[PDB]
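Everything on this sheet refers to the single structure shown next.
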Amino acid sequence: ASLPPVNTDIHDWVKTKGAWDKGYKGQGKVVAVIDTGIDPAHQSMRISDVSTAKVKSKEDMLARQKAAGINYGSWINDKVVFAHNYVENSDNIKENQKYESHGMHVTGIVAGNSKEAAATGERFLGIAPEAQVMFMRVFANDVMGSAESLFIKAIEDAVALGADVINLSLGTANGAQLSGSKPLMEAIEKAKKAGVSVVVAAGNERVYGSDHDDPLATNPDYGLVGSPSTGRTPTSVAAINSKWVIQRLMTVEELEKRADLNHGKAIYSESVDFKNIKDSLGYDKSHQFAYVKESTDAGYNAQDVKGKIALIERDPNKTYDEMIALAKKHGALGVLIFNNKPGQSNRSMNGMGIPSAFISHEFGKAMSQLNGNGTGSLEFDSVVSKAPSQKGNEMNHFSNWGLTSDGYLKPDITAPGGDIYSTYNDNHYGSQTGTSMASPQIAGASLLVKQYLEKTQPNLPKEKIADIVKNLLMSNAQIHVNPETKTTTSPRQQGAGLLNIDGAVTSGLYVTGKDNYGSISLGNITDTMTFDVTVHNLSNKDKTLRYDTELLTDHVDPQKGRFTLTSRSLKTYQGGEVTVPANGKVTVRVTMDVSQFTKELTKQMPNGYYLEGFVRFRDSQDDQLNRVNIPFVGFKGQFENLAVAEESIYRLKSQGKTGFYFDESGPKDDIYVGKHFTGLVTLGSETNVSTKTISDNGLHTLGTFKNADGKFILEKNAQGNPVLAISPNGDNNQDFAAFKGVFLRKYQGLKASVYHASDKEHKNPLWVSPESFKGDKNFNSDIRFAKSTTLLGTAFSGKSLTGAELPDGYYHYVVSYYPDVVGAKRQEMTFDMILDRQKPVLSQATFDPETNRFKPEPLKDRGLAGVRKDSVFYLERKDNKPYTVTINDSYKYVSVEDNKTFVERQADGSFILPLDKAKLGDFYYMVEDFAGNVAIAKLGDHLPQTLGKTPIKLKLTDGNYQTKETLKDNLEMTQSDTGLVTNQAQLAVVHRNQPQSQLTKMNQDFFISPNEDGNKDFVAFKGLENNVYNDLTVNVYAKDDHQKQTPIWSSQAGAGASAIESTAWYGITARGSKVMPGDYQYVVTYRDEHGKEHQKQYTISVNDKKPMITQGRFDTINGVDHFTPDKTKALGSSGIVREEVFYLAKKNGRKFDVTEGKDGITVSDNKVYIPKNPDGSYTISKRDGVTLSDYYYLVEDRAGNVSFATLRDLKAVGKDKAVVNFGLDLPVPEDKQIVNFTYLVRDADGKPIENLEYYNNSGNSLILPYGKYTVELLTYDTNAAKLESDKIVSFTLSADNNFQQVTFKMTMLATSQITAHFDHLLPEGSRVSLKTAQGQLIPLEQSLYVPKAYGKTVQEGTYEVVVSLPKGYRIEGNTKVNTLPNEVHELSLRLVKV
Ligand SMILES: [Ca+2]
Ligand SMILES: [Ca+2]
Ligand SMILES: [Ca+2]
Ligand SMILES: [Ca+2]
Ligand SMILES: [Ca+2]
Ligand SMILES: [Ca+2]
Ligand SMILES: [Ca+2]
Ligand SMILES: [Ca+2]
Ligand SMILES: [Ca+2]
Ligand SMILES: [Ca+2]
Ligand SMILES: [Cl-]
Ligand SMILES: [Mg+2]
C-alpha cells in the first residue's frame, strides 16, 4: 500500500531508525509484558511474516506450554502468543475502564505495529514492531497479603516459554540493591541466566518530601528508586518528557500568525477535580472572552460577564476559588487563568471546593491575548493536535531519583515517559505519563540490541548476554542537560543518560568501572577521587578516543536551605586519549583533587554531599561519532551514618527550629498529636469528682496539656523547659510513653531502652521493649504516605525486664536504630524522663469571709515532675445532676464528665470564690503535676460549722478522686474452692463502651483468653478470709519445665492472698509479651501461721481464638419462625459452655441504654432473651419494632471467647446449601496474626466457581451447593509466614457435612541482621561467610561504605562468622551469635598477623 506516515516524535529522539534500518525490528524475539490489561484484537497487535517469528503457530505454543508444565493460559494470535490472568486464574486478560488500560499502553510502546492511523493521521510503532508479545495480567490488591508469588510465576512462565525480555511496572519506593525480597530477586537472576533482559520502571515518587516541599540541605539521602529495579540485575528506567504532545488544543484564530504560540493553539489544564469544559461550553463552538485586570470587582466592573469566557492572570494571593467564584459571581460562564510566571509549565490546580464555572489554566504569561484590547473569540478543538510541549526535554517531575536505600547508583538509563502516545483498548489510542511508560521504551530497545548482539557476536552465552545488552544501552546514552539551568542532569536522576538505540547497535563500544557495570558507585569520597574506567571494543577495526570527566554536585537555594534538585557543575577535569584494541579493552585511571571545593560545599551541606558526574569519550578525530560515557557518584562524608530520624520536636523548638512536616499553625507551642514530628506520645484520661470516668481521652503528645481553648500546648516549668514525665499508677493518665518518629532514611533494628539517668554511658538497661521494629523513611510522595509513624510497641510503663515496678526517679528513655547500610553506627536518641507516681501536696489554705479570697499555700509536688497548674472549680448543676451524660448515637458510644466550671486565678495566686454560685464546701481545689498526677480537695471536707466569722485557716486533704478503677469483688471462699479467680463480662453487640466486669470464681474450666475483653483475661488467687498466706509467690512455668525450676512470669514483691491484682497472670511473660497458646503450670506458694510451706499447682490453658458459628436451621411453626442452631460440641478449651438467643429492643430510640448506679454510669445492650424450646429450637417471634437482624445467637467457650451473628445472617443460607470457611492456622495470639490471603475454589471438573455468596459477612466463608471441591491457597504474605500444610485441600459439602472448615497450617518467619566488623581491612583473597547450624556457608561481601564490615539479613537462628584468610593470618574474637527477631547483631572481630 501507500501507508499513512509513522509518528517519529519519539523515534527521531531515541534514534530507533538506526536499528530498524540495519534489519533489527524485533523479528523472532518476544517481550513478556507483566501488567494490568491487554486487548489483542487491537489493530496495533500485528506481526509481519509469521515465518520469521520465534513461535510460528498456535501449535508451536501448545508445544511450548506442555513442554514446561504450563497447563493454563491460551495463545491468542500471531502477535500475542501467550496470555494468562494470574489474579483470577482466568483467561479474561482485557481491562474494562474508559479504554484506558495501562498494560495496553505499555505494550503499544514496546511493540505496537499498526498499519492504520490514530487520530493525528499517523500510524504508531513501538521500538520493536516485529517482536512477539506474551502478556501476563498480574496486579495487586491489599486483600492478598503479598502479590509477589504471582509476579514470580509470570516471570518463571515467561522464561520457560522463551521470552527475550520481561517488562515490569512493579515498584516499592526506596529499593535496596542488595537486599530486596529474596524470592523475587532470585526469580530475576534466573531470567538473567536464561539471557532475559529484566526491565523495570524506576518509580514515580521523585524524592523525599516530594508532595510537601523540596528536601532540606542537611538531608542528602533523599532517594526513592523502586524495590525490584534497584537490584543489580534489572535495568532500572527513569523518565523524560516527550518534546511533542498529542492533546486537544484550544485555538484563537485571531492569533494564527504567532508561530511561537503553535499558530494560535494553547495547551489548557483544567483541575483534576472538575474537568467541566467539554460538557459546559462544548468543543467546536466559539465563545467571546475579555481581559480582566485584577481579580477584584473594580477592573471595569464585569465587562466579561455577558457571555465572555473570563480571562484573568493568576493573583498569587487570591485563591483559585476566590477567583473562579468571583468570576462566576460577575456572570463568568467559565474562566481562564493564565499563568503569572513567564515560561512556566501550567500549574495544576487540586483546587475545587466551589468551582462550577468550567475553568482551565492557559499556557503561561505567554498567551496573554490582548486583541482589540481585551475582546476576542476562541474555540476548543474536538480533535487532538501535535503541539510543542510546555515541559519537553525535561526530566519528568516524578521520576525516582537518589540512591538506592543501601547506597548504589540507580536508575540506570532514561527514556521518554512523559505524555507518551500509545495504544488503548478497542482500536483507541491515548496519551499517559509515568516511569512505566519509559520502561517499555527500554524493553523494546533491548529486544533490538539483543537481535544485534546475536547476529554480530554469536559466540556470546545466554548468561553474559543480558548484562551486555544493558551495558551497551547505557554507555551509548546521550548525557542529558537540564534546559532550565543549562547544567548536566544528575546521574542520580537520569542514570547513564538518554536512550540512544542507533549508538548502541552501531558504536560497538561500552564502558565499565571496576565493578564491571555501566555505572560506578564509589562509596565515600575523601578529598581525592580515584577510580578505574574501562572501555571495551566489539569491533574488529579499532577506535581511538579522547576523554574528559565533568564533576557535579547538588545546587542549594541559599535563601531556603533546600536542595533544588538541579546540579551545579564544579570543574570539567581533563583526561587524555587512549586507543581501544579490537575485541579487547583498555583501562584508564581518573583522578581528581576535590580538596578545593570542600569548604564552600560543606558550608551549604553540613552533613555531606554528592560528588558525581560523567566520564565522556569521543573519537579523537571527529567528536561526533563513537560518543560513549559512564556515570559515577560518591559521597563526600559518611553516607552510611546520616541521621535516620528527624530530631525531637522538643529539641527543635528549644532551638527555634521546626520539623520538616511540622504544622506550626496555631497558638505558640501547640503540638497536637496528629501533627508530624519525632516525639513521645501518651494516653490521657480525665479526673472526675462526681461520677466514675468511664473512658479515656486518646493519645496526646507527651509534655503537652490542654490550655483554656483545648489546644494541646508544650508547657514550660519555672526554668523555661518542657517536662517529659509519666505516672505509671494504673489510672490511665500518662501511664506510659511511646516513640513517634519522622524518619529521614530507612531504619532497622529499632528498639526502646530505659536506663537510670546516672547510668550515663547507657550500659545497664533496666527495661527494653520486647520487639524491635523496622520501616521506611516518611517520604510523603502523596497523601497516602505517612509523614510520621508512631511505634506504640516502644511503650514504656515503669515496669522493668522482670515486671518489677521501677521507682519514681529520673531516667533516660533511649530509642536506638540503624540505617540500612552495612557497617553503619548505631544511632541513639535520648529523652530525659521522669517517673513520678505521687500526687502534689494539699496542705491548707486561708479563706477570708468578706473579701471572699481563697489563697492556698505555695505549690509543692511530691516527686520530680513538679506542679504544673493550680485550680478551683465547682459543679454547676444542670438537668438536676452534677455531670452530663452524652450518648454519641452514631458511633454507639457513651461518655460522662463533671460539669466543672472554673474560678479565675488572680495573678497573686488566689481565688475569689463566687458563693452566689454555690456553697463554700462545694468548691474543689486542684493541683496537677507534669506526670499527670492530680490532687483534689473538696474543701468542705474540713469546714467548721461556724461559717461566717473572721479569716480562718482551712485544712485541705486529697479526696482520692484520681484513682485506678478496681474490680468488683463480692466473693466468699469456702475450702471447697480451688482458690482461683478470674473475671467475667459480657461482650457488647451494639455499644462500643467497655461492658461491666466483675470477679468470679474459677473451680473448673481452667482456660483463659487474654484479650482485654473483661471475660477470663487472667488467673488470680484468693485466699480464705481468716487463713494466713505469708510470703505469697505466684510463678508460672512452661510445660517443658517439669522440674518447675525456671519461671516465665512471677508475682512482684509483696503480693498478698487478698490483693488480687498482685497475683493475676494475664498470659504474659515477665517482659509483658503475650505467651503462646498452650498449657502452663500456675504455682501458688506461701507459708502459713506455723510456718508450714504450702503449694497449690494448677494447669492453665491460654487460648484466644473466637468460636465459629455455623448456620443452623430455620423452620416455620404455627406461622412463626423457629431457629434451631447446630449442636455445639464441648471438647475443651473451645467447647461451648454458653448459648444465647436474644434480641435488642429499642428504648429512647436506640438499642443500648445507660444506667446510673451508685458508683457511676454503665452501658448495656437492650438484651431480651428467648427461652430454648424442648426441641432445641428458639421461637423467633413477631414483635413490633424488631426485625430478624435484631435477633442474635451468641456462644462462649471454656476460655471466654465469644462470637455472635444476627439471625438474618444465619438465615441467608439456603436449606439445601452448605458453608465452607477458610483460614490460616498460626501458632500466635490473634493480634500477632496474618488475616490476609486469597484462595481459589474449584468444582468437581476443575472449573473455578462463579457468582460468589459469602457467609456471616466474611470473605473467607462461602455458601455453596452440595458437592466435591478443591481449594488452593493463592497468595499470602510470604515475607511474614511459610505454608506448612497442603496448598490444595479437597473437601466435600453435603447435607450431613453442610459446614466445612478448611485451614492452611503455617509457621512464622523472623529475620535478623548480622554484621561482622574487623580491625583492619582484610587482606586480598580472604572470604567471609556465615556458617549455619547445619554446617553450610552463607557468603558475605564487603560493605561499600564501610569496608571493614560484612553483613547480611538472615533467617533467625544461630550462626558463626568463618573467614578464609591467606598466608599467616588469624581471626580473634567471639565469632558466634544467637540472633533475635528484627535485632541487628554486631561482632567486632580482630585481625592478627605474626
Ligand atoms: Ca499503536
Ligand atoms: Ca492529662
Ligand atoms: Ca497516671
Ligand atoms: Ca562496624
Ligand atoms: Ca508528683
Ligand atoms: Ca485543669
Ligand atoms: Ca477474654
Ligand atoms: Ca470466570
Ligand atoms: Ca566510614
Ligand atoms: Ca522468634
Ligand atoms: Cl507540590
Ligand atoms: Mg505542586
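Identifiers for the C-alpha cells are assigned positionally: chains receive A, B, ... in sequence, residues are indexed from 1 per chain, and ligands are indexed from 1 in the order shown.
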- Query: Which polymer residues have any atom within 10 Å of an atom of residue 424 of chain A, counting only C-alpha atoms, with same-chain residues fewer than 3 positions away left out, as an NGL selection string?
  - Reply: :A and (37-39 or 42 or 44 or 98-108 or 421 or 427-431)
Put those residues in a file: C-alpha atoms, as a compact mmCIF listing (two decimals), in the first residue's frame.
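Generated file (out.txt):
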# COMPACT_ATOMS: atom_id res chain seq x y z
CA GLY A 37 -4.66 -5.40 30.80
CA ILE A 38 -4.46 -6.02 27.06
CA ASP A 39 -6.74 -6.10 24.01
CA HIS A 42 -6.11 -4.07 18.57
CA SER A 44 -1.62 -2.42 16.52
CA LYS A 98 -12.60 4.22 29.64
CA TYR A 99 -10.50 2.24 27.10
CA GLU A 100 -7.71 3.44 29.45
CA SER A 101 -5.78 0.22 30.05
CA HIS A 102 -2.28 0.66 31.49
CA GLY A 103 -0.92 -2.64 30.19
CA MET A 104 -2.38 -1.96 26.81
CA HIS A 105 -0.47 1.32 26.59
CA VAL A 106 2.75 -0.28 27.81
CA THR A 107 2.56 -2.93 25.09
CA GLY A 108 1.85 -0.36 22.36
CA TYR A 421 1.03 8.45 22.92
CA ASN A 427 -8.55 0.49 18.47
CA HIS A 428 -8.25 3.62 20.59
CA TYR A 429 -5.05 5.47 21.40
CA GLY A 430 -4.30 7.89 24.18
CA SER A 431 -1.50 9.61 26.00
Residues of segment 99-200 of chain A that approach segment 53-73 of chain A to 8 Å or less, counting only C-alpha atoms: could you list each one with the shortest pair of atoms and its distance in Å to one decimal, rows by chain and increasing residue number, as JSON lines?
{"residue": "A:131", "atom": "CA", "partner": "A:53", "partner_atom": "CA", "distance": 7.7}
{"residue": "A:132", "atom": "CA", "partner": "A:53", "partner_atom": "CA", "distance": 7.4}
{"residue": "A:157", "atom": "CA", "partner": "A:70", "partner_atom": "CA", "distance": 7.5}
{"residue": "A:160", "atom": "CA", "partner": "A:68", "partner_atom": "CA", "distance": 6.4}
{"residue": "A:161", "atom": "CA", "partner": "A:64", "partner_atom": "CA", "distance": 5.8}
Let me see the file: selected residues, C-alpha atoms, as an mmCIF file, in the first residue's frame.
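Ended up saving to again_24.cif:
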data_model
loop_
_atom_site.group_PDB
_atom_site.id
_atom_site.type_symbol
_atom_site.label_atom_id
_atom_site.label_comp_id
_atom_site.auth_asym_id
_atom_site.auth_seq_id
_atom_site.Cartn_x
_atom_site.Cartn_y
_atom_site.Cartn_z
ATOM 1 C CA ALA A 131 8.536 -8.702 18.201
ATOM 2 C CA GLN A 132 6.005 -11.043 19.692
ATOM 3 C CA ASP A 157 6.473 -18.756 32.864
ATOM 4 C CA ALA A 160 10.096 -21.066 30.310
ATOM 5 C CA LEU A 161 8.006 -20.258 27.233
#
- Go through the chains and note each residue within 10 Å of ligand 4, using only C-alpha atoms and all ligand atoms, then give the set as number ranges by chain. A: 822-826, 1315-1319, 1343, 1346-1351, 1386-1389
- Item | Residues within 10 Å of ligand 8, counting only C-alpha atoms and all ligand atoms, as a ChimeraX atom specification | /A:88-92,1247-1251
- Query: Suppose you want the space between atom CA of residue 568 of chain A and atom CA of residue 609 of chain A; what is it in Å?
  - Reply: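 Value for the atom CA of residue 568 of chain A-atom CA of residue 609 of chain A distance: 12.1 Å.
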- residue 211 of chain A environment, 10 Å, only C-alpha atoms, sequence neighbours closer than 5 positions dropped, as a count of residues only: 8
